[PDB]
Amino acid sequence: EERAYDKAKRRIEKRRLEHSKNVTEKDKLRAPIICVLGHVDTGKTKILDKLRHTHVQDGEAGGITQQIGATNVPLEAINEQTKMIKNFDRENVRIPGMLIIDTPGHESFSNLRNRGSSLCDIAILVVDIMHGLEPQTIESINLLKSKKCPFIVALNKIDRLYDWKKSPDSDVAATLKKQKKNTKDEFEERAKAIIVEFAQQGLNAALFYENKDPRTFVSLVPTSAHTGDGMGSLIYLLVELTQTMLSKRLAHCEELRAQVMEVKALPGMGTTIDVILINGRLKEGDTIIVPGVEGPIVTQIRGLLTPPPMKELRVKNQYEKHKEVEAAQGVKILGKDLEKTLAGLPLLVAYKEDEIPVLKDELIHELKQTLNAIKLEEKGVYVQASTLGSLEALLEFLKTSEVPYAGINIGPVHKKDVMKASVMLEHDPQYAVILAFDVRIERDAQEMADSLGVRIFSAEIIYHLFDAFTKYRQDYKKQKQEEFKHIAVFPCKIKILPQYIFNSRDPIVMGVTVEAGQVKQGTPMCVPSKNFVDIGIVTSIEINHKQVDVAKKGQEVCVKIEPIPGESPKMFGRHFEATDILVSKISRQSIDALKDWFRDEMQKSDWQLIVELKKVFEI
Amino acid sequence: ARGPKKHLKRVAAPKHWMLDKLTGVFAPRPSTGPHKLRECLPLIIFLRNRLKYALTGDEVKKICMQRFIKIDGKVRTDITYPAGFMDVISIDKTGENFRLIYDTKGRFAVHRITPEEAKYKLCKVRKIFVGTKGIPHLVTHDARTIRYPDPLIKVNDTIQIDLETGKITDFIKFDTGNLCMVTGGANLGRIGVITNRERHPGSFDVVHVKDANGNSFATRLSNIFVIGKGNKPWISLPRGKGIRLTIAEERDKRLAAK
Amino acid sequence: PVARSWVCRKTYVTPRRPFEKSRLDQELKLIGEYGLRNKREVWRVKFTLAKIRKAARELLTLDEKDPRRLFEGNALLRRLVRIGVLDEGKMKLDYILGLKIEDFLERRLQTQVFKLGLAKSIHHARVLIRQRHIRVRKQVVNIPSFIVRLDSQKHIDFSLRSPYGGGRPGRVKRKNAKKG
Amino acid sequence: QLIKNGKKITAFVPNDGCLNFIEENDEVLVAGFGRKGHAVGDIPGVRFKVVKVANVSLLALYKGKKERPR
RNA sequence: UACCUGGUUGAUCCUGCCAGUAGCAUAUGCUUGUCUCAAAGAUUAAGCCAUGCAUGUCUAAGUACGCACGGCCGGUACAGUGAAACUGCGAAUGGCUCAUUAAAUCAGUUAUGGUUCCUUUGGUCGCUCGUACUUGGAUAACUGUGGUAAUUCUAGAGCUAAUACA
RNA sequence: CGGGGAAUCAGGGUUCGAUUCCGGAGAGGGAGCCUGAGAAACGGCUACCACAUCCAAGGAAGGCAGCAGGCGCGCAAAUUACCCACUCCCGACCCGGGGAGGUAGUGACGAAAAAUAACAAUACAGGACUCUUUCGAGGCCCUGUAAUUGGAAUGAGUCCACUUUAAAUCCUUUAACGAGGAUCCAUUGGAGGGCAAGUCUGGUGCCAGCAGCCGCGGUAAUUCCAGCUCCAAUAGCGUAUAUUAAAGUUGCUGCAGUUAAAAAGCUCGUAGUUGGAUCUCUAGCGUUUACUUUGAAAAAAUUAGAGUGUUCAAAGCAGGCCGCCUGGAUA
Ligand SMILES: Nc1nc2c(ncn2[C@@H]2O[C@H](COP(=O)(O)OP(=O)(O)NP(=O)(O)O)[C@@H](O)[C@H]2O)c(=O)[nH]1
């Protein structure tokens, strides 16, 4: 037991010491993890499709992307695009090979709430000339500065001038020097502007072939989006930068540094995890401890799936089965009970060393700002998303918009999900909704939702889901205000304006000035002191001749009032005099009605009169 | 189901083979031949289970494909070939000849014969017909169709055929006071003498047989086979003389031997 | 379809009334006298006796000249003479009904090992058998519920390998001999 | 509210202080009380009793052999 | 082992059910040292399926001009092993599941003298009164030119076999 | 789906039978057909209906209720494993192939055997047997709540070597190690009655809870939450739910109907059921049945049951003797 635990800890220590003293040096380095960030529609992706030469870019059902993925380019492609311009080191032995990871950029869900699972060895920042710098670009370079990693900056829309001589697949220096002079001056002016715009943000940037001294300097590489001029210069500078800088960090050692990157629900596969397998020769039919939402899960690997080389984790491709796999690749893993898991955490692979635990409180420190904040105890909206990243994005939107959420799930919508939305319906009718992002609605779920009072918000583009939800909030506010009206009588204290033209009865035309609160139509009124005599439902409030919705805290409003059908209507002089005060009839029902769901239209700093009038009306 | 069945489950095989439950799921499945699937014996069973020569199924085809085994003086390499009642299995390698006779308890017994007796076989005639310019024909229980039979041979008579040729040497009429053997029902394998038959028109004829030990039993006509003329058999009998002795003296005999 | 048999049988019947003084006593006497592990072992012998008695009872109803009754009766009596709960004198079917649980519990290897004076207590015998010290004929048995045959009684000897009989010191004696 | 037919029932929590371990909007396995779908000696108009809470047995939470998953 | 016990009353004797008692199956709780035997997505959804596999096959004995191999003997049509393809046979068995189905299915008993039947095993196969020492044409395989984003898609061109087709 | 059967059980019965053997049916729903001896075939095709895959938008391709596996559904069910070696099937075929099938993995569905100590030596204001009237006397026989004393025996684990196996595993076999809180630790439910076991001691105060039923809790709780002790079954024991016996509370055997629940308000009457004595063989018959006794026919498996030391047993159909003598009954 404890002696097995003690020797288990000591043999773990032996293994990691062996895996530290192993340490293979002298070339054969690890493939760097090249990250790519942007604003919204800069060109952070589709440049990757141009690198890998993939025809399908526009097949996203929208201009924006909503997931992480690694394209996995391997040396033949590097050599193929290298031989085109042929700079340095023909058939270089020293190159591991390239691994590019694509990141989705957007204002909402704050650039994938990133937290870009760090591991951004070489970060590529699209600047995109046409629009200059962007707020997500400044917050991205702030994030890149927060954890000090080396990153470079690439331009995208250099050909978009109308006058660029589009000579594709050639040197940037050549293509720039083969244009007219005025355009070069315009490019060097906006280059200077970008250099100053980085210089002010605690950087030192320059144009990729001057000095260069990339120790302190950063490389402004001009690239064309559509044509592909600079793609050679890009991959050259990437391999050069990685060869020069990352000489020791990228050693092919034998530690266990597999990281959980994405979680996906695929048909006939269960719940699959995309992992960037960096260090650790993990085997098919070997136990792994995946860090979960509701504690860690012991998972048995059924097998290793990899997409074809120069292809993304975008569209369901012919994923080839691999029994085992070396530590330089990004692979998809599937097993048993991978339901609730956390993204951007390291993955421990375990042999038969009798259960090696307790590495979670040492990970879960100040990264608790995730799905774990679930209020099953309380009420809330139901949320579903294609991948986990999207689910986090929806929850942090709900957090920002101030709405509680009860249940969350990954994959398509089912009859249990609409039943959880139904069991909510009893508590708060508004909250009984399902926010479904880029997932297949089922017929049985949809027909069960339509048969009950449960609405589902289906949308592939996240803008539609946000807009649809907010529209529903305003629609429910309108649906609440109208058809549940005049019960919130609203606080009203009227002072009589003496020597005004009175209409006696049927109707009563009364010239008044409000002293406490504001006065609108349909508020019942009462006179105290003379017992408690009542005038039910004021019909219209008018200034001089014109109609008004509210009183302006001391207005000369002539109000038309028709007392409710009783045995006798009340008369001026006989029952109530000009000296007597006019006070609104506020009860437990009315105060409770105007307490909740009247906090936006409700008065600003006059509240106290309610507490001051409920005490005299006895509440 | 569609078309004919090709398999046979082990427990669904006929009981007189004495296949055990655990050895497999399937059985031998006797192939089409002269004798019925229910009332035949695959060579795989005879070699492997009865003679104890082969251990596995491969050794049986390794024996048979080397062409050491004849049935009625004709070489058969089919390991699931049906050899039934009165069929003479000949192993000319080891010079051993067996005739398939049912024993008292109602199963094919490993009954050896002299090589001189492995020359002929007895056969019960099923029908008699004539056709195409009137050469009369005969058909027997082991499906041997013979042309120009002796006109004294009527239906339910027995004929003795030389195995090297296909011609009738001698024949026995089915009359009162003739040695017969039962080949179907409760009384299967019992040898006795005919006393009488009771003809039931439009139904099965029932015969009464008296045993050598004063035991009298009845049987259907179809399950009778004349083996001897008068009381003397024309073939050798099994270890027991076809005498159904009861469980009482079965125990007495077994305890006496001990 | 699979080439496996599913022929499994329950060997004990639980009592109708779970808590009943007079009964619990009677079972605990049997355990105490013959050092049995649990009340399952008493119910086992009750169930086997009951089945033998039911077989005798359903044989009695048939006529005295019936071949089936004669054969079955003789076979049952032969087996009960063979196991050693009767003798040649009292070998009538009627006397099968006059047996009891004591007669069957006497024939346990545990009981015989105690009664022949190999073990010096009813509890020691069960351990000695279970520890692979005892052997019948040339066969080393470690089954307390081994029901000994009448003719197999006259040789229960210590298994030759055994320290007690065979002449080879065990772990304790070896360890004490090395540290001696 | 049940999962299959989605209709409302009232279930009696068994042992002392077991109500503390349950919270509103949790997944709960309920069993028949014992009298074949009839009432109990004291508690009127209930047929059912809670056996598991949030995929954990109430006996385990009562005896402290497990802890409510967080 | 042909068995009963608590509960209406201040107490009694009843009718009468509720409760207890034991067995058997499905679930489930907590516990779990050794060894043999062993059921297992039937109930609800005969609801829906990614992926891999589950039906193929050659002897001396239908067709061998693939140098894919080396071998005679060198004027010997065809030494042999044999991919590919044509030809023959199998794929209608096996396995799965229980939606259907109420004199239907099915079970025991009889009938085909009212029918078909690959295969095996026997019988029959100059019983017919009128180029033969071996007749004719093609198409695969192979070579060569192709189309389509795409499939176990296939067109055109040049040879050559039969137990294929005549 | 129907049978062979299963659970329960005095005799009679009641309930279950999707599920390994037999027969039927259908491959998402219907319909139509080619080939062939055999199909209205779906791991064949053709169309429509419902779902759904790829796409260059022109067209292309679909069928797990085969084995794995996944989603859904729900209280409810295993590995994307290895092999044709066994049992058999198919082919031109001793030679090839087979998720039929076999072998492992998951497996407290359930069934059989069976650990968690045994013996010896010490003292009892211990018990019985002998002496003395009592006190008080012993190698005659028992005893425990001794962490007292002692060596003897040993499987669980660790791990050579085999044997087993297509290759492995498990078992059996056997070197080395392995028992003094033998801490190498036995649980699950009860202790008022039903019903075996405490009117012991803290706590709470008709609150918390227990309680299948009757009932217990309102300041001395035999029943709640705990401690200690005891009882029950024991590697298992609770709980829920369908079902059987109990139920002579579905009554044919075998129940009720004056008042407990119950005989129509009354009579006629068709179908239905029931119905008084009596009558002592010449190849065809005798007036024909029901009834009863005998005979042949009736798949194995299952059930009863003969034989057989699986090390015993549940099982299995084997085995036994110094090349032999057997069995694979019987009902
Ligand atoms: N000429 C030119 N085309 C551009 C430029 N930027 C984008 N495009 C084109 O505009 C279209 C949509 O841009 P896209 O690459 O999807 O932008 P993104 O910022 O990568 N989008 P996402 O958020 O999905 O990553 C594509 O056809 C792309 O090639 C640019 O600077 N110049």
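Residues numbered from 1 in each chain as written, not as in the entry; some residues may be left out. Chains lettered and ligands numbered in written order. Part of a larger assembly, values for the part shown. Heavy atoms only, no water.

The PDB entry annotates chain D as 40S ribosomal protein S23 originating from Homo sapiens.

Spelled out, the test is: UniProt positions are given in the numbering used here, feature names are shortened, and annotations may be inferred rather than shown by experiment.
For chain C, the name recorded in the PDB entry is 40S ribosomal protein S9, with Homo sapiens as its organism. Listed under Subunit (literature references left out) in UniProt, the entry text for chain C is "Component of the small ribosomal subunit. Identified in a IGF2BP1-dependent mRNP granule complex containing untranslated mRNAs. Part of the small subunit (SSU) processome, composed of more than 70 proteins and the RNA chaperone small nucleolar RNA (snoRNA) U3." Under the UniProt heading Sequence similarities, the entry covering chain C gives this text: "Belongs to the universal ribosomal protein uS4 family."

## Details of the overall build of chain D
In plain terms, the rule: Secondary structure is summarised from DSSP: a helix means a run of H or I of at least four residues, a strand means a run of E of at least two, and numbering begins at the N terminus for each. Only protein chains enter the accessibility calculation, which uses a 1.4 Å probe; a residue whose area is less than 20% of its type maximum is buried, one above 50% is exposed, and one in between is partly exposed. By the convention used here, residues are in contact when the closest approach between their heavy atoms is within 4.5 Å. Accessibility throughout is a Shrake-Rupley quantity obtained with a 1.4 Å probe, and a residue counts as covered only by protein chains that appear here. For the purpose of counting charges, residues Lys and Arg are taken to be positive, whereas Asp and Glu are taken to be negative. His and the chain ends are not included. To locate a charge, take atom NZ for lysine, CZ for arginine, CG for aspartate or CD for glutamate.
Counting secondary structure elements, chain D contains one helix and four strands. Each helix (α) and strand (β) of chain D, taken in turn from the N terminus, gives the series β-β-β-β-α. Dimensions of chain D, computed from the C-alpha atoms along their principal axes, are close to 35 × 30 × 15 Å. Counting only residues that meet the buried cut, chain D has 16% of its 70 residues in that class. Taking all contacts inside chain D whose residues are at least 6 apart in sequence as the whole, residues at least 24 apart take part in 43%. For chain D, the computed accessible surface area is about 5400 Å², with 51% contributed by carbon and sulfur atoms. For chain D, the separation between the mean place of its 13 positive charges and that of its 7 negative charges on side chains is 11 Å.

## Describing the packing of helix 1 (residues 23-34) of chain C against helix 2 (residues 40-60) of chain C
Residues and elements named next belong to chain C. Put simply, the rule is: As a rule, the C-alpha atoms of each element are fitted with a line to give its axis, helices using only the stretch in contact, and angles between N-to-C directions run from 0 to 180 degrees. Should an angle fall under 35 degrees it is called roughly parallel, over 145 degrees roughly antiparallel, and 65 to 115 degrees roughly perpendicular, with every other angle called oblique. Each residue gets one label: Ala, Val, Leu, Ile, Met, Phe, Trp, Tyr, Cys and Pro are nonpolar, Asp, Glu, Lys and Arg are charged, and the others, such as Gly, are polar.
Put simply, helix 1 and helix 2 touch, their axes get as near as 9 Å, and they point 100° apart. In terms of axis orientation, helix 1 runs roughly perpendicular to helix 2. Residues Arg 23, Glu 27, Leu 30 and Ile 31 of helix 1 touch helix 2, and the partners they reach there are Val 42, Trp 43 and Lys 46. Classifying every residue of the contact of helix 1 with helix 2 by side-chain character gives four nonpolar, no polar and three charged.

## Re the side chain of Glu 353 of chain A
All names here are of chain A. The condition that has to hold: Between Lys or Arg on one side and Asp or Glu on the other, a salt bridge is scored when a side-chain nitrogen of the former is within 4 Å of a carboxyl oxygen of the latter. Between N or O atoms, a polar contact is any pair within 3.5 Å; within protein, one atom must be a potential hydrogen donor and the other a potential acceptor, and residues adjacent in sequence are included only when both atoms are from side chains.
With respect to the element layout, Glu 353 can be found in the loop between strand 15 (345-349) and strand 16 (381-385). Of the buried charged residues, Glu 353 lacks a salt bridge, with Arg 15 as the closest side chain of opposite charge at 4.8 Å. At 2.9 Å, the side chain of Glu 353 and the backbone nitrogen of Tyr 351 are in polar contact. Setting aside residues up to four positions removed in sequence, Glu 353 forms contacts with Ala 8 and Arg 11.

## Comments concerning the interface of chain C and chain B
Threshold: Here's the idea: put two parts together, see how much 1.4 Å probe accessible area each one loses, and the total over both is what we call buried area.
With eight residues of chain C at the interface, the matching set in chain B holds seven residues. Of the roughly 640 Å² buried between chain C and chain B, counting both surfaces, carbon and sulfur atoms make up 68%. Counting across the interface, chain C meets chain B through zero salt bridges. Linking chain C with chain B are zero residue pairs in polar contact, by the criterion used here. Each residue belonging to the side of chain C that touches chain B can be placed in one class, and the counts come to five nonpolar, two polar and one charged.

## Concerning a positive patch on the surface
Our working definition: Distance thresholds for patches are 9 Å for like charges and 5 Å for nonpolar side chains (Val, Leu, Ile, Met, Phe, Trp, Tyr), applied to residues having over 30% relative accessible area and no salt bridge.
A surface patch of positive charge is lined by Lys 105, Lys 253, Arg 254 and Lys 258 of chain B together with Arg 78, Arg 79, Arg 82 and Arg 149 of chain C. Within the residue set of the positive patch, elements represented by two or more residues are helix 3 (247-257) of chain B together with helix 3 (67-83) of chain C. Residue contributions to the positive patch peak at three residues, all from helix 3 of chain C. Tracing the sequence through the fold places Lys 105 of chain B in the loop between strand 3 (96-99) and strand 4 (112-113). The class for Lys 105 of chain B is exposed, based on a relative accessible area of 55%.

## Quick word on the arrangement of the chains
Contacts are most numerous between chains A and D, taken over all two pairs of chains that touch. The two partners chain A and chain C share no contact, and the minimum distance between any of their C-alpha atoms is 26 Å. If you take every C-alpha in chain C and every C-alpha in chain D, the smallest gap between them is 21 Å, and the two do not touch.

## A short note on the sheet that holds strand 3 (residues 99-102) of chain A
Residues and elements named next belong to chain A. This is how the line gets drawn: Between any two strands, at least two bridges found by DSSP are needed for them to pair.
One open sheet accounts for seven strands, arranged 2-3-1-4-5-7-6; its pairing is mixed. Every interior strand has two partners, whereas the edge strands, strand 2 (69-70) and strand 6 (205-206), have only one. Sheet strands touched by helix 5 (residues 135-146): strand 1 (33-37), strand 4 (122-126) and strand 5 (151-155). Its angle to strand 4, the strand with the most contacts, is close to 165°.

## Quick notes on the site of the ligand
Residues and elements named next belong to chain A. What counts, and what does not: Any residue with at least one heavy atom within 4 Å of a molecule or strand is counted as near it.
Near the ligand, the surroundings consist of 18 residues, among which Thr 42, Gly 43, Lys 44, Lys 157 and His 226 are the closest. The separation between a nitrogen atom of the ligand and a polar side-chain atom of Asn 156 is 3.1 Å. Notes on the ligand: free accessible area 640 Å², of which the protein chains cover 85%. By residue class, the composition of the shell around the ligand is three nonpolar, seven polar and eight charged.

## Details of the environment of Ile 537 of chain A
Residues and elements named next belong to chain A. Counting through the fold element by element, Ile 537 comes out in the loop between strand 23 (531-535) and strand 24 (538-543). A relative accessible area of 43% means that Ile 537 is categorised as partly exposed. Residues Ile 537 and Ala 516 lie 21 residues apart in sequence; the distance between their C-alpha atoms is 19 Å. What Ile 537 contacts, discounting residues up to four positions off in sequence, is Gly 522, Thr 523, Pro 524, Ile 561, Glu 562 and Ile 564.

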